[PDB]
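Content type PDB, C-alpha atoms (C1' of nucleotides), from the file protein.pdb:
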```
ATOM      1  CA  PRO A   2     148.571  77.314 116.727
ATOM      2  CA  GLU A   3     150.934  76.170 119.489
ATOM      3  CA  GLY A   4     154.540  75.116 120.114
ATOM      4  CA  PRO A   5     154.935  72.217 117.641
ATOM      5  CA  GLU A   6     152.696  74.084 115.188
ATOM      6  CA  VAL A   7     154.581  77.392 115.185
ATOM      7  CA  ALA A   8     157.948  75.612 115.147
ATOM      8  CA  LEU A   9     156.907  73.592 112.094
ATOM      9  CA  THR A  10     155.731  76.780 110.381
ATOM     10  CA  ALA A  11     159.189  78.288 110.873
ATOM     11  CA  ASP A  12     160.807  75.240 109.266
ATOM     12  CA  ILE A  13     158.587  75.675 106.212
ATOM     13  CA  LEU A  14     159.249  79.422 106.015
ATOM     14  CA  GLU A  15     162.948  78.608 106.349
ATOM     15  CA  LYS A  16     162.704  76.255 103.374
ATOM     16  CA  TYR A  17     161.148  78.757 100.974
ATOM     17  CA  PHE A  18     162.145  82.191 102.268
ATOM     18  CA  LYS A  19     165.631  81.940 103.790
ATOM     19  CA  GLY A  20     168.111  83.852 101.645
ATOM     20  CA  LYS A  21     165.219  85.494  99.819
ATOM     21  CA  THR A  22     164.965  89.284  99.612
ATOM     22  CA  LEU A  23     161.739  90.767 100.984
ATOM     23  CA  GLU A  24     160.910  93.868  98.945
ATOM     24  CA  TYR A  25     157.510  94.824 100.375
ATOM     25  CA  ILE A  26     154.887  93.773 102.931
ATOM     26  CA  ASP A  27     151.211  94.751 102.758
ATOM     27  CA  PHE A  28     148.371  94.410 105.265
ATOM     28  CA  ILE A  29     145.257  94.228 103.092
ATOM     29  CA  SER A  30     142.746  93.437 105.846
ATOM     30  CA  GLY A  31     142.148  93.124 109.580
ATOM     31  CA  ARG A  32     143.413  95.222 112.481
ATOM     32  CA  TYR A  33     146.603  96.198 110.651
ATOM     33  CA  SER A  34     144.595  97.599 107.749
ATOM     34  CA  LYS A  35     143.136 100.205 110.093
ATOM     35  CA  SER A  36     146.182 100.939 112.250
ATOM     36  CA  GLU A  37     149.846 100.298 111.446
ATOM     37  CA  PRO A  38     151.887  97.993 113.724
ATOM     38  CA  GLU A  39     154.784  99.387 115.771
ATOM     39  CA  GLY A  40     157.871 100.161 113.700
ATOM     40  CA  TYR A  41     156.080  99.623 110.395
ATOM     41  CA  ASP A  42     157.003 102.882 108.644
ATOM     42  CA  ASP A  43     160.671 102.500 109.590
ATOM     43  CA  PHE A  44     160.691  98.902 108.348
ATOM     44  CA  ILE A  45     159.219  99.812 104.958
ATOM     45  CA  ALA A  46     161.760 102.624 104.631
ATOM     46  CA  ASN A  47     164.548 100.049 104.982
ATOM     47  CA  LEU A  48     163.142  97.606 102.430
ATOM     48  CA  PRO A  49     164.257  95.657 100.530
ATOM     49  CA  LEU A  50     165.930  93.385 103.086
ATOM     50  CA  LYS A  51     167.262  89.821 102.960
ATOM     51  CA  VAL A  52     165.868  87.156 105.293
ATOM     52  CA  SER A  53     168.664  85.450 107.227
ATOM     53  CA  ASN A  54     166.837  83.313 109.792
ATOM     54  CA  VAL A  55     163.326  82.314 110.869
ATOM     55  CA  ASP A  56     163.436  80.997 114.437
ATOM     56  CA  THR A  57     160.817  80.407 117.142
ATOM     57  CA  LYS A  58     160.558  79.946 120.902
ATOM     58  CA  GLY A  59     157.250  78.384 121.905
ATOM     59  CA  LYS A  60     154.455  80.489 120.433
ATOM     60  CA  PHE A  61     156.619  83.387 119.255
ATOM     61  CA  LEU A  62     157.937  83.581 115.690
ATOM     62  CA  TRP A  63     160.298  86.230 114.330
ATOM     63  CA  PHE A  64     162.039  86.985 111.036
ATOM     64  CA  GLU A  65     165.652  88.157 110.887
ATOM     65  CA  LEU A  66     166.390  90.312 107.846
ATOM     66  CA  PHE A  67     169.566  92.150 106.846
ATOM     67  CA  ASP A  68     171.111  94.139 104.001
ATOM     68  CA  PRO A  69     173.893  92.766 101.846
ATOM     69  CA  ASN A  70     175.112  96.343 101.482
ATOM     70  CA  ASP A  71     175.010  96.821 105.246
ATOM     71  CA  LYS A  72     175.219  93.735 107.475
ATOM     72  CA  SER A  73     174.508  95.655 110.667
ATOM     73  CA  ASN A  74     171.239  97.260 111.721
ATOM     74  CA  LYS A  75     169.309  94.084 110.954
ATOM     75  CA  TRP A  76     165.521  94.156 111.355
ATOM     76  CA  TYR A  77     163.105  91.775 113.069
ATOM     77  CA  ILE A  78     159.505  90.881 112.229
ATOM     78  CA  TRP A  79     157.803  89.803 115.454
ATOM     79  CA  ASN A  80     154.704  87.630 115.164
ATOM     80  CA  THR A  81     152.624  86.278 118.047
ATOM     81  CA  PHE A  82     149.892  83.738 117.275
ATOM     82  CA  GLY A  83     146.185  83.716 118.316
ATOM     83  CA  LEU A  84     143.739  80.899 117.723
ATOM     84  CA  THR A  85     143.288  80.944 113.913
ATOM     85  CA  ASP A  86     146.720  82.015 112.687
ATOM     86  CA  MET A  87     148.093  80.383 109.548
ATOM     87  CA  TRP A  88     150.913  81.128 107.126
ATOM     88  CA  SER A  89     150.632  80.102 103.480
ATOM     89  CA  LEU A  90     152.202  80.294 100.030
ATOM     90  CA  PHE A  91     148.871  81.287  98.488
ATOM     91  CA  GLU A  92     146.312  83.978  99.325
ATOM     92  CA  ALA A  93     143.849  81.943 101.391
ATOM     93  CA  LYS A  94     140.677  83.218 103.047
ATOM     94  CA  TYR A  95     141.135  85.731 105.884
ATOM     95  CA  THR A  96     144.490  86.765 104.406
ATOM     96  CA  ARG A  97     145.691  89.592 106.644
ATOM     97  CA  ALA A  98     149.271  90.061 105.445
ATOM     98  CA  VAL A  99     150.986  89.861 102.056
ATOM     99  CA  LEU A 100     154.770  89.550 101.789
ATOM    100  CA  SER A 101     156.328  90.416  98.439
ATOM    101  CA  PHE A 102     159.704  88.759  97.880
ATOM    102  CA  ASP A 103     161.883  89.005  94.771
ATOM    103  CA  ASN A 104     161.027  87.236  91.501
ATOM    104  CA  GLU A 105     157.284  87.284  92.249
ATOM    105  CA  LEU A 106     157.765  85.056  95.298
ATOM    106  CA  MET A 107     154.763  85.534  97.579
ATOM    107  CA  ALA A 108     154.108  84.842 101.261
ATOM    108  CA  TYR A 109     150.709  85.133 102.934
ATOM    109  CA  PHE A 110     149.511  85.337 106.533
ATOM    110  CA  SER A 111     145.912  84.443 107.362
ATOM    111  CA  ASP A 112     144.027  85.199 110.575
ATOM    112  CA  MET A 113     140.268  84.871 111.032
ATOM    113  CA  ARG A 114     139.755  86.137 114.584
ATOM    114  CA  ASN A 115     142.460  88.806 114.174
ATOM    115  CA  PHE A 116     144.171  87.987 117.476
ATOM    116  CA  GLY A 117     147.650  87.567 116.006
ATOM    117  CA  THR A 118     150.080  90.460 116.320
ATOM    118  CA  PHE A 119     152.893  91.882 114.196
ATOM    119  CA  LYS A 120     155.780  94.064 115.356
ATOM    120  CA  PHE A 121     158.800  95.442 113.512
ATOM    121  CA  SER A 122     162.003  96.319 115.369
ATOM    122  CA  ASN A 123     165.632  96.978 114.445
ATOM    123  CA  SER A 124     166.754  96.272 118.008
ATOM    124  CA  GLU A 125     168.272  92.931 119.000
ATOM    125  CA  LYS A 126     168.301  93.961 122.662
ATOM    126  CA  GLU A 127     164.508  94.229 122.639
ATOM    127  CA  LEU A 128     164.186  90.753 121.122
ATOM    128  CA  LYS A 129     166.411  89.122 123.745
ATOM    129  CA  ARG A 130     164.206  90.438 126.550
ATOM    130  CA  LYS A 131     161.060  89.300 124.736
ATOM    131  CA  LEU A 132     162.444  85.760 124.645
ATOM    132  CA  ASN A 133     163.287  86.067 128.339
ATOM    133  CA  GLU A 134     159.633  86.855 129.027
ATOM    134  CA  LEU A 135     158.975  83.318 127.803
ATOM    135  CA  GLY A 136     159.973  80.071 129.499
ATOM    136  CA  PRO A 137     162.109  77.335 127.883
ATOM    137  CA  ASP A 138     160.835  75.748 124.663
ATOM    138  CA  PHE A 139     159.300  72.392 125.612
ATOM    139  CA  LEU A 140     159.838  71.056 122.085
ATOM    140  CA  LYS A 141     163.228  72.446 121.066
ATOM    141  CA  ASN A 142     164.952  72.254 124.462
ATOM    142  CA  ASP A 143     165.795  68.809 125.845
ATOM    143  CA  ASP A 144     167.455  69.976 129.067
ATOM    144  CA  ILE A 145     164.539  71.547 130.942
ATOM    145  CA  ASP A 146     164.498  71.138 134.721
ATOM    146  CA  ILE A 147     160.787  70.937 135.528
ATOM    147  CA  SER A 148     161.462  70.459 139.243
ATOM    148  CA  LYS A 149     160.394  74.096 139.623
ATOM    149  CA  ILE A 150     156.764  72.946 139.462
ATOM    150  CA  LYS A 151     157.101  71.758 143.070
ATOM    151  CA  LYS A 152     157.461  75.384 144.197
ATOM    152  CA  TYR A 153     154.034  76.458 142.925
ATOM    153  CA  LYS A 154     150.816  75.999 144.898
ATOM    154  CA  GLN A 155     148.682  76.090 141.751
ATOM    155  CA  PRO A 156     146.873  73.574 139.478
ATOM    156  CA  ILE A 157     149.311  71.750 137.189
ATOM    157  CA  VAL A 158     147.157  72.494 134.138
ATOM    158  CA  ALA A 159     147.517  76.231 134.795
ATOM    159  CA  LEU A 160     151.297  75.994 135.166
ATOM    160  CA  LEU A 161     151.636  74.237 131.811
ATOM    161  CA  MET A 162     149.388  76.770 130.081
ATOM    162  CA  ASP A 163     151.748  79.405 131.470
ATOM    163  CA  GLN A 164     154.526  80.526 129.133
ATOM    164  CA  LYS A 165     157.083  81.837 131.635
ATOM    165  CA  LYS A 166     157.044  79.804 134.852
ATOM    166  CA  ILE A 167     157.932  76.289 133.696
ATOM    167  CA  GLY A 168     158.169  76.554 129.916
ATOM    168  CA  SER A 169     156.666  77.807 126.667
ATOM    169  CA  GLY A 170     154.948  76.032 123.785
ATOM    170  CA  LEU A 171     152.154  74.084 125.463
ATOM    171  CA  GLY A 172     148.593  75.128 124.667
ATOM    172  CA  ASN A 173     145.059  73.981 125.432
ATOM    173  CA  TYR A 174     144.878  70.589 123.705
ATOM    174  CA  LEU A 175     148.486  69.633 124.474
ATOM    175  CA  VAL A 176     148.137  69.940 128.252
ATOM    176  CA  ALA A 177     144.924  67.918 128.006
ATOM    177  CA  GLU A 178     146.761  65.110 126.220
ATOM    178  CA  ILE A 179     149.843  65.308 128.454
ATOM    179  CA  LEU A 180     147.951  65.139 131.758
ATOM    180  CA  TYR A 181     145.996  62.164 130.410
ATOM    181  CA  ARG A 182     149.098  60.246 129.331
ATOM    182  CA  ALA A 183     150.813  60.904 132.664
ATOM    183  CA  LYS A 184     147.592  60.062 134.525
ATOM    184  CA  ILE A 185     147.587  63.359 136.430
ATOM    185  CA  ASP A 186     144.538  65.197 137.769
ATOM    186  CA  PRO A 187     144.633  68.747 136.325
ATOM    187  CA  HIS A 188     143.288  70.059 139.645
ATOM    188  CA  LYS A 189     146.281  68.636 141.515
ATOM    189  CA  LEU A 190     148.690  71.327 142.704
ATOM    190  CA  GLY A 191     152.265  71.358 141.426
ATOM    191  CA  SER A 192     153.554  71.431 144.997
ATOM    192  CA  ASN A 193     151.766  68.142 145.689
ATOM    193  CA  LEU A 194     153.415  66.289 142.804
ATOM    194  CA  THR A 195     155.805  63.417 143.511
ATOM    195  CA  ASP A 196     159.392  63.162 142.246
ATOM    196  CA  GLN A 197     158.271  60.192 140.146
ATOM    197  CA  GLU A 198     155.265  62.095 138.794
ATOM    198  CA  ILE A 199     157.613  64.921 137.809
ATOM    199  CA  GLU A 200     159.965  62.602 135.920
ATOM    200  CA  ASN A 201     156.956  60.917 134.312
ATOM    201  CA  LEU A 202     155.459  64.283 133.371
ATOM    202  CA  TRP A 203     158.629  65.437 131.604
ATOM    203  CA  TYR A 204     158.543  62.278 129.489
ATOM    204  CA  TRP A 205     155.036  62.903 128.159
ATOM    205  CA  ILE A 206     155.829  66.575 127.602
ATOM    206  CA  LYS A 207     158.601  65.483 125.241
ATOM    207  CA  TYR A 208     156.358  62.751 123.839
ATOM    208  CA  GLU A 209     153.355  64.923 122.981
ATOM    209  CA  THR A 210     155.352  67.894 121.670
ATOM    210  CA  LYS A 211     157.421  65.747 119.310
ATOM    211  CA  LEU A 212     154.393  63.775 118.121
ATOM    212  CA  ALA A 213     152.498  66.989 117.384
ATOM    213  CA  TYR A 214     155.584  68.305 115.599
ATOM    214  CA  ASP A 215     156.128  65.294 113.332
ATOM    215  CA  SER A 216     152.456  65.287 112.330
ATOM    216  CA  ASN A 217     151.271  66.500 108.925
ATOM    217  CA  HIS A 218     147.622  67.316 109.643
ATOM    218  CA  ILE A 219     146.105  68.247 113.008
ATOM    219  CA  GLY A 220     143.706  71.034 112.061
ATOM    220  CA  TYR A 221     145.537  74.279 112.770
ATOM    221  CA  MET A 222     147.936  74.390 109.817
ATOM    222  CA  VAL A 223     145.518  73.611 106.994
ATOM    223  CA  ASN A 224     147.227  76.163 104.744
ATOM    224  CA  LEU A 225     150.497  74.229 105.086
ATOM    225  CA  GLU A 226     149.358  70.590 105.125
ATOM    226  CA  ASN A 227     150.803  69.992 101.658
ATOM    227  CA  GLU A 228     154.072  71.630 102.712
ATOM    228  CA  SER A 229     154.332  69.738 106.007
ATOM    229  CA  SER A 230     154.539  66.445 104.117
ATOM    230  CA  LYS A 231     157.091  67.777 101.625
ATOM    231  CA  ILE A 232     159.519  68.686 104.410
ATOM    232  CA  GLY A 233     161.489  66.757 107.025
ATOM    233  CA  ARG A 234     161.368  67.191 110.791
ATOM    234  CA  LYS A 235     164.113  68.498 113.050
ATOM    235  CA  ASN A 236     165.384  65.877 115.508
ATOM    236  CA  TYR A 237     163.886  67.390 118.657
ATOM    237  CA  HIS A 238     164.069  65.052 121.660
ATOM    238  CA  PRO A 239     166.310  62.418 119.986
ATOM    239  CA  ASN A 240     165.809  59.794 122.703
ATOM    240  CA  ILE A 241     162.016  60.024 122.472
ATOM    241  CA  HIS A 242     160.296  58.046 119.708
ATOM    242  CA  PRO A 243     156.467  58.118 119.466
ATOM    243  CA  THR A 244     154.662  55.023 118.171
ATOM    244  CA  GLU A 245     151.915  56.941 116.372
ATOM    245  CA  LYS A 246     152.439  58.136 112.801
ATOM    246  CA  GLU A 247     149.980  60.967 113.428
ATOM    247  CA  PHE A 248     148.787  62.997 116.422
ATOM    248  CA  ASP A 249     145.375  61.718 117.511
ATOM    249  CA  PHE A 250     143.191  63.403 120.128
ATOM    250  CA  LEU A 251     142.848  60.945 123.037
ATOM    251  CA  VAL A 252     140.827  63.180 125.389
ATOM    252  CA  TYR A 253     140.575  66.659 123.843
ATOM    253  CA  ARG A 254     137.102  67.542 122.524
ATOM    254  CA  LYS A 255     135.809  63.991 122.997
ATOM    255  CA  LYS A 256     132.957  62.400 124.948
ATOM    256  CA  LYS A 257     135.013  59.329 125.830
ATOM    257  CA  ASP A 258     138.633  58.192 125.722
ATOM    258  CA  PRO A 259     139.606  55.228 123.478
ATOM    259  CA  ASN A 260     138.863  52.974 126.478
ATOM    260  CA  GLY A 261     135.359  54.358 126.996
ATOM    261  CA  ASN A 262     135.910  56.296 130.212
ATOM    262  CA  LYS A 263     133.951  59.509 130.771
ATOM    263  CA  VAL A 264     135.578  62.803 129.764
ATOM    264  CA  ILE A 265     134.694  66.026 131.583
ATOM    265  CA  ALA A 266     134.545  69.434 129.912
ATOM    266  CA  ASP A 267     135.798  71.134 133.070
ATOM    267  CA  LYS A 268     136.494  74.853 133.497
ATOM    268  CA  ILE A 269     139.518  75.062 135.794
ATOM    269  CA  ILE A 270     141.582  77.833 134.212
ATOM    270  CA  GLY A 271     140.411  81.408 133.712
ATOM    271  CA  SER A 272     137.599  83.660 134.892
ATOM    272  CA  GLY A 273     134.960  86.060 133.584
ATOM    273  CA  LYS A 274     135.200  85.724 129.807
ATOM    274  CA  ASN A 275     138.644  84.149 129.408
ATOM    275  CA  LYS A 276     137.707  80.733 130.803
ATOM    276  CA  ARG A 277     139.298  77.694 129.156
ATOM    277  CA  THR A 278     138.001  74.126 128.910
ATOM    278  CA  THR A 279     140.277  71.359 130.185
ATOM    279  CA  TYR A 280     139.292  67.910 128.922
ATOM    280  CA  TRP A 281     140.328  65.006 131.146
ATOM    281  CA  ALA A 282     139.324  61.536 132.342
ATOM    282  CA  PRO A 283     138.831  61.006 136.115
ATOM    283  CA  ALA A 284     139.101  57.225 135.716
ATOM    284  CA  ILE A 285     142.642  57.626 134.381
ATOM    285  CA  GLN A 286     143.874  60.908 135.845
TER     286      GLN A 286
ATOM    287  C1'  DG B   1     140.455  85.879 142.520
ATOM    288  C1'  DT B   2     136.989  87.743 139.346
ATOM    289  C1'  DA B   3     135.437  90.496 135.685
ATOM    290  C1'  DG B   4     135.678  92.158 130.853
ATOM    291  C1'  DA B   5     137.611  92.822 126.089
ATOM    292  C1'  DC B   6     140.205  92.109 121.337
ATOM    293  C1'  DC B   7     137.423  89.314 116.613
ATOM    294  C1'  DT B   8     134.801  85.939 113.440
ATOM    295  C1'  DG B   9     133.235  82.550 112.803
ATOM    296  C1'  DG B  10     131.693  76.760 113.249
ATOM    297  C1'  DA B  11     128.607  73.576 115.079
ATOM    298  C1'  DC B  12     124.171  72.701 117.041
ATOM    299  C1'  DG B  13     118.938  73.235 118.493
TER     300       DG B  13
ATOM    301  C1'  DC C   1     118.205  83.340 115.033
ATOM    302  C1'  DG C   2     119.912  81.579 119.609
ATOM    303  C1'  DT C   3     123.110  79.390 122.238
ATOM    304  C1'  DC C   4     127.981  77.216 123.254
ATOM    305  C1'  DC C   5     132.678  76.675 121.759
ATOM    306  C1'  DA C   6     137.277  77.997 119.774
ATOM    307  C1'  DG C   7     145.572  83.092 122.590
ATOM    308  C1'  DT C   8     146.538  86.810 125.488
ATOM    309  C1'  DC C   9     145.931  91.418 127.521
ATOM    310  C1'  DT C  10     143.557  94.754 130.917
ATOM    311  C1'  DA C  11     141.182  96.358 135.362
ATOM    312  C1'  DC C  12     138.696  96.306 140.259
TER     313       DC C  12
END
```

Is it possible to express this structure as structure tokens?
Amino acid sequence: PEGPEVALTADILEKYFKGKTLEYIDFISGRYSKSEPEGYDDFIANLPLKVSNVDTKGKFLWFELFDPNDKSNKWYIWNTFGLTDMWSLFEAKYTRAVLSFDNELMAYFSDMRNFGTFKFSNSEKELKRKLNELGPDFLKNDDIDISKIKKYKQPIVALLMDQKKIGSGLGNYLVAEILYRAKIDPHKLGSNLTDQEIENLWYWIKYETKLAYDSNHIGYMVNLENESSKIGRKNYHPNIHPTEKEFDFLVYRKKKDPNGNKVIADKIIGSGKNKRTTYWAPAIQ
DNA sequence: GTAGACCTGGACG
DNA sequence: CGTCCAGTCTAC
């Protein structure tokens, strides 16, 4: 999942698990069934704990639990997302984590490719630095100066895939849709962009992130499609109002755009075995 | 810059 | 079966 996806997941987890007391957490399969995550034994020794907040910044989700008996020394459940990471209220396939709340309330975390990570920490100072390793949230933050792109002599598609330089949240399909809407060649360097192109880029960044956030079914939160429709959306980017009721792929994973123009499966970003495919239309971008 | 790996598939010939 | 495709870290 990505920015709008992870953020929406937090909203759902906030709806069902905020104020709820987590008594136990069990990793029944995957990487964390072979080796325990960092700070696991200390976290279990402090259970049960009460969830206070579930907040995100881009592609990083974390729980904030505390003890009614002691308010201080609150714990944090870090959770980075891979490609097939999904939270759920039921034990779906590839269920890697099981969270046992009070009154038989259950939370499940599924991950097929096992690329998602978990980390437990009772330090707030460590969390603040982790968030500072990530750029501004393109979805949740409305005041992001993206004029910093002009300083980089690198492809714009690589700068948007980056999570520290300009901002965090954007993934593979988002940057493909954004660059298409703004009519920008992904090969074009950020230092060659115009002041108008910059202002136009920031618009579509807000447009695509909000549209992907208000959506109910894209294909990366299948375990929460029923919950996405039974919950409202936070008013991120108030001045931006998409026309679509649902996020449709205009150029990502398609032979042609809605107009019929040719779409290239180009490999601009990455090397060796971490190459990524950037879909784009030369007749538009 | 270029290379690999972590892991488990789905879709296609 | 065989071949492509589908977030982030490490190393020369």

On this structure, the PyMOL selection byres ((chain A) within 7 of (chain B)) would catch which residues? List them as JSON, numbers by chain, sorted by chain and number.
{"A": [113, 114, 115, 116, 272, 273, 274]}

Check every residue of chain A for an atom within 12 Å of chain C, counting all atoms listed in the file, and provide those that qualify as a PyMOL selection string.
chain A and resi 2-3+60-61+81-86+113-118+162-164+170-174+221+254+266+271+275-278

Distance in Å - atom CA of residue A:122 versus atom CA of residue A:44:
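Atom-to-atom, atom CA of residue A:122 and atom CA of residue A:44 are spaced 7.6 Å apart.
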
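Between atom CA of residue A:253 and atom CA of residue A:155 the interatomic distance comes to 21.8 Å.
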
Kindly provide, as AutoDock Vina command-line options, the centre and edge lengths (Å, one decimal) of an axis-aligned box around all atoms of chain B given in the file, with 4 Å on each side.
```
--center_x 129.7 --center_y 82.8 --center_z 127.7 --size_x 29.5 --size_y 28.1 --size_z 37.7
```

Care to translate the PyMOL selection byres ((chain A and resi 18) around 9) into actual residues of this file, as an NGL selection string?
:A and (13-17 or 19-23 or 52-55 or 102 or 106 or 108)

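Separating atom CA of residue A:189 from atom CA of residue A:280 is a distance of 14.4 Å.
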
Select all residues near (163.2, 86.0, 125.5) (cut-off 12 Å, inclusive, file coordinates), counting all atoms listed in the file, and output them as a PyMOL selection string.
chain A and resi 57-63+125-138+164-165+168-169

Might you pull out every residue within 10 Å of residue A:222, with all atoms listed in the file counted and same-chain residues fewer than 3 positions away left off, and present them as JSON, numbers by chain?
{"A": [2, 6, 7, 9, 10, 85, 86, 87, 88, 89, 217, 218, 219, 225, 226, 227, 228, 229]}

Output the selection as a PDB file, keeping the file's coordinate frame - C-alpha atoms for each residue.
```
ATOM      1  CA  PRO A   2     148.571  77.314 116.727  1.00  0.00           C
ATOM      2  CA  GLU A   6     152.696  74.084 115.188  1.00  0.00           C
ATOM      3  CA  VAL A   7     154.581  77.392 115.185  1.00  0.00           C
ATOM      4  CA  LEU A   9     156.907  73.592 112.094  1.00  0.00           C
ATOM      5  CA  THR A  10     155.731  76.780 110.381  1.00  0.00           C
ATOM      6  CA  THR A  85     143.288  80.944 113.913  1.00  0.00           C
ATOM      7  CA  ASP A  86     146.720  82.015 112.687  1.00  0.00           C
ATOM      8  CA  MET A  87     148.093  80.383 109.548  1.00  0.00           C
ATOM      9  CA  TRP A  88     150.913  81.128 107.126  1.00  0.00           C
ATOM     10  CA  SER A  89     150.632  80.102 103.480  1.00  0.00           C
ATOM     11  CA  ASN A 217     151.271  66.500 108.925  1.00  0.00           C
ATOM     12  CA  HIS A 218     147.622  67.316 109.643  1.00  0.00           C
ATOM     13  CA  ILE A 219     146.105  68.247 113.008  1.00  0.00           C
ATOM     14  CA  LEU A 225     150.497  74.229 105.086  1.00  0.00           C
ATOM     15  CA  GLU A 226     149.358  70.590 105.125  1.00  0.00           C
ATOM     16  CA  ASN A 227     150.803  69.992 101.658  1.00  0.00           C
ATOM     17  CA  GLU A 228     154.072  71.630 102.712  1.00  0.00           C
ATOM     18  CA  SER A 229     154.332  69.738 106.007  1.00  0.00           C
TER      19      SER A 229
END
```

So, counting all atoms listed in the file, which residue among A:5, A:69, A:31, A:283 is closest to residue A:184?
A:283

Report as a list in words the full result of the PyMOL selection byres ((chain A and resi 94) around 9) when it is applied to this structure.
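For this structure, the PyMOL selection byres ((chain A and resi 94) around 9) captures residues 92, 93, 95, 96, 97, 111, 112 and 113 of chain A.
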
Export N, CA, C and O atoms of stretch 59-71 of chain A from the structure just given, as a PDB file, in the first residue's frame?
```
ATOM      1  N   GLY A  59       2.927   9.153   5.598  1.00  0.00           N
ATOM      2  CA  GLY A  59       3.328   8.570   4.333  1.00  0.00           C
ATOM      3  C   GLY A  59       3.069   7.077   4.288  1.00  0.00           C
ATOM      4  O   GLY A  59       1.925   6.640   4.173  1.00  0.00           O
ATOM      5  N   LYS A  60       4.138   6.292   4.384  1.00  0.00           N
ATOM      6  CA  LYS A  60       4.025   4.838   4.339  1.00  0.00           C
ATOM      7  C   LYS A  60       4.440   4.208   5.663  1.00  0.00           C
ATOM      8  O   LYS A  60       4.798   3.032   5.712  1.00  0.00           O
ATOM      9  N   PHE A  61       4.393   4.994   6.734  1.00  0.00           N
ATOM     10  CA  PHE A  61       4.784   4.508   8.052  1.00  0.00           C
ATOM     11  C   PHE A  61       3.648   4.642   9.062  1.00  0.00           C
ATOM     12  O   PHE A  61       3.215   5.749   9.380  1.00  0.00           O
ATOM     13  N   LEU A  62       3.173   3.506   9.562  1.00  0.00           N
ATOM     14  CA  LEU A  62       2.109   3.485  10.559  1.00  0.00           C
ATOM     15  C   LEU A  62       2.672   3.087  11.918  1.00  0.00           C
ATOM     16  O   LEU A  62       3.585   2.268  12.003  1.00  0.00           O
ATOM     17  N   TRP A  63       2.124   3.669  12.980  1.00  0.00           N
ATOM     18  CA  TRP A  63       2.543   3.310  14.330  1.00  0.00           C
ATOM     19  C   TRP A  63       1.398   3.411  15.336  1.00  0.00           C
ATOM     20  O   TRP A  63       0.572   4.320  15.265  1.00  0.00           O
ATOM     21  N   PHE A  64       1.354   2.461  16.264  1.00  0.00           N
ATOM     22  CA  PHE A  64       0.382   2.491  17.348  1.00  0.00           C
ATOM     23  C   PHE A  64       0.970   3.220  18.550  1.00  0.00           C
ATOM     24  O   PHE A  64       2.184   3.223  18.749  1.00  0.00           O
ATOM     25  N   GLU A  65       0.109   3.840  19.349  1.00  0.00           N
ATOM     26  CA  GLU A  65       0.554   4.515  20.561  1.00  0.00           C
ATOM     27  C   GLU A  65      -0.245   4.026  21.762  1.00  0.00           C
ATOM     28  O   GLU A  65      -1.364   4.478  22.002  1.00  0.00           O
ATOM     29  N   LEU A  66       0.334   3.092  22.510  1.00  0.00           N
ATOM     30  CA  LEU A  66      -0.354   2.488  23.644  1.00  0.00           C
ATOM     31  C   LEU A  66       0.167   3.029  24.970  1.00  0.00           C
ATOM     32  O   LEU A  66       1.320   3.448  25.071  1.00  0.00           O
ATOM     33  N   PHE A  67      -0.691   3.015  25.986  1.00  0.00           N
ATOM     34  CA  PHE A  67      -0.306   3.451  27.323  1.00  0.00           C
ATOM     35  C   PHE A  67      -1.003   2.617  28.394  1.00  0.00           C
ATOM     36  O   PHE A  67      -1.780   1.713  28.083  1.00  0.00           O
ATOM     37  N   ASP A  68      -0.689   2.888  29.650  1.00  0.00           N
ATOM     38  CA  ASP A  68      -1.292   2.187  30.767  1.00  0.00           C
ATOM     39  C   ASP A  68      -2.098   3.166  31.589  1.00  0.00           C
ATOM     40  O   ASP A  68      -1.615   4.224  31.962  1.00  0.00           O
ATOM     41  N   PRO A  69      -3.331   2.806  31.893  1.00  0.00           N
ATOM     42  CA  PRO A  69      -4.169   3.661  32.721  1.00  0.00           C
ATOM     43  C   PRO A  69      -3.544   3.816  34.089  1.00  0.00           C
ATOM     44  O   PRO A  69      -3.631   4.889  34.660  1.00  0.00           O
ATOM     45  N   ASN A  70      -2.952   2.745  34.608  1.00  0.00           N
ATOM     46  CA  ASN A  70      -2.231   2.780  35.864  1.00  0.00           C
ATOM     47  C   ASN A  70      -0.981   3.637  35.800  1.00  0.00           C
ATOM     48  O   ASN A  70      -0.741   4.413  36.697  1.00  0.00           O
ATOM     49  N   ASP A  71      -0.193   3.530  34.741  1.00  0.00           N
ATOM     50  CA  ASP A  71       0.869   4.496  34.502  1.00  0.00           C
ATOM     51  C   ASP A  71       0.769   5.116  33.118  1.00  0.00           C
ATOM     52  O   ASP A  71       0.920   4.429  32.124  1.00  0.00           O
TER      53      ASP A  71
END
```
